[PDB]
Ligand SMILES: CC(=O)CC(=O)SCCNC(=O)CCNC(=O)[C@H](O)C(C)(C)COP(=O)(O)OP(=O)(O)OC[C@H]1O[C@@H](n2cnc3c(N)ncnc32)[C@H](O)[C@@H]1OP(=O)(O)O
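First comes one chain, alone, set out as C-alpha cells in the form deposited without this ligand.
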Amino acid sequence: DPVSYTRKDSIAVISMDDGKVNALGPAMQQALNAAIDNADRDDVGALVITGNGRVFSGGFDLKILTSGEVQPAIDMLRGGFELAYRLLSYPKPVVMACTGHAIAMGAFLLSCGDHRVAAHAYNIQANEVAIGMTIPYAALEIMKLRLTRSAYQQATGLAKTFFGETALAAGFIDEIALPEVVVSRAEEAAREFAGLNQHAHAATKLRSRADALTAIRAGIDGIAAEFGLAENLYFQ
C-alpha cells in the first residue's frame, strides 16, 4: 500500500511512500485516487499531499516507458495528467508538502497545488530534455501556469534544475521551510486555508485557471496521439 490517508479535524493528509521514489505508476495512481475519494467523502476543508523522506516523487515509472508496450504507457501518462487535473480543479485548497526532490511527473504533480512548501535542498526539475524526451503539452500547460516567463523557458528546453530560493523566485514553490517542518507547516497552512470561504475559493480557483484547464483537458485527450506523432516523426 504506497499511500496513506489520514483525517485530522478540518483537513486530511495524503502521504506517498512506496518503497523508493514514489513513482507514479498505475498502482500509485489508483491509491492516490482512492485517497482523494476518501477526502471527497469526508468533505474535508483542505487537502495536504506529501511524499516520503527521500522524495516528493521521481515521476513516472521509467521502465513502463522503456518496455515498448505502448498502451499501458499511454494509460499511465493519461492517468498521471488526469490526476494532476483533478487536483488543479479540486474544490478545496490543496497544499503540497514537498519532502524531497520532485522530477518530471513529480514536479508537474507539485505544480497542481494551491500552495507548495519545500526545503532549500530539494531539486524541482523537468528533466525530460536531459534524458532525451520532449515534454508533453499537458505538462507544459501546468508549468506555464506557475513559472515566470523566463524560468519557464529554462525549465523546459534546458531542463533547468531549481532549488530553494531559485525555485520560489521561479514559481515552482510558494514557500521554503526546514526539512523537518515541511509537512508540519503544510498542515498548518492547510488549516488556515480551510478557514477561507469554500465556494468562493472553488469558484475563484477555476476562474484563475480557466484557459489552462481547458488546454490541459486537451493535453490529456491528445496524449496518445502526441506519442504517435513522435513515433512517426522519428521514423522519418
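Throughout, we count residues from 1 along the sequence that is shown. Only the largest set of C-alpha atoms that superpose within 1.5 Å between the two forms is called the rigid core.
Could you say which moves further from this form in 4 other deposited structures of this protein, stretch 64-72 or stretch 51-59, by root mean square CA distance after aligning on the core?
-> Higher average C-alpha offset in 4 other deposited structures of this protein goes to 64-72.
Superpose by the rigid core: which stretch, 21-29 or 219-227, shows more Cα shift in 4 other deposited structures of this protein?
-> Of the two stretches, the larger average C-alpha offset in 4 other deposited structures of this protein falls on 219-227.
Stretch with the greater mean C-alpha B-factor as recorded in the entry, comparing 69-77 against 124-132 = Comparing 69-77 with 124-132, the higher mean C-alpha B-factor belongs to 69-77.
Mean C-alpha temperature factor, higher of 58-66 and 171-179 | Going by the record's values, the stretch with the higher mean is 58-66.
What third of its chain's C-alpha B-factors does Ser208 belong to: lowest, middle or highest?
-> Within its chain, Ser208 is a lowest-third residue by C-alpha B-factor, going by the deposited values.
Third assignment of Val44 from its chain's C-alpha B-factors = According to the entry, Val44 has a C-alpha B-factor in the chain's highest third.
Using the B-factors in the PDB entry, rank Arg116's C-alpha atom against the chain and give the third, lowest, middle or highest.
-> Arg116: CA B-factor falls in the lowest third of its chain.
Split the chain's modelled residues into thirds by Cα B-factor; is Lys92 in the lowest, middle or highest one?
-> Tercile = highest for this residue's CA B-factor.
Which third of the chain holds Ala12 when residues are ordered by C-alpha B factor: lowest, middle or highest?
-> Highest third of the chain for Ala12's C-alpha B-factor.
The same protein also exists as the form deposited with this ligand bound; that form is not shown, yet it is the one meant from here on.
Of these, 56-64, 186-194, 40-48, 166-174, which stretch puts a heavy atom within 4.5 angstroms of this ligand in the entry with it bound?
-> That would be stretch 56-64.
Non-hydrogen atom contact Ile131 with this ligand in the entry with it bound at 4.5 angstroms | Answer yes; at least one heavy atom of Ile131 falls within 4.5 Å of this ligand in the entry with it bound.
Is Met16 close enough to this ligand in the entry with it bound to count, meaning some heavy atom within 4.5 Å?
-> The answer is no: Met16 has no heavy atom within 4.5 Å of this ligand.
Does this ligand get within 4.5 angstroms of any non-hydrogen atom of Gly113 in the entry with it bound?
-> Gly113 lies outside the contact set for this ligand.
Do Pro136 and this ligand come within 4.5 Å of each other in the entry with it bound, heavy atoms counted?
-> Heavy-atom contact with this ligand at 4.5 Å: present for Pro136.
Using heavy atoms only and a 4.5 Å cut-off, determine which of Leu83, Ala104, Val94, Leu147 is in contact with this ligand in the entry with it bound.
-> Among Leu83, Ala104, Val94, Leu147, a heavy atom within 4.5 Å of this ligand in the entry with it bound occurs only for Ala104.
Hey, which residues along 15-43 are within 4.5 angstroms of this ligand in the entry with it bound, non-hydrogen atoms only?
-> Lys20, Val21, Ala23, in sequence order.
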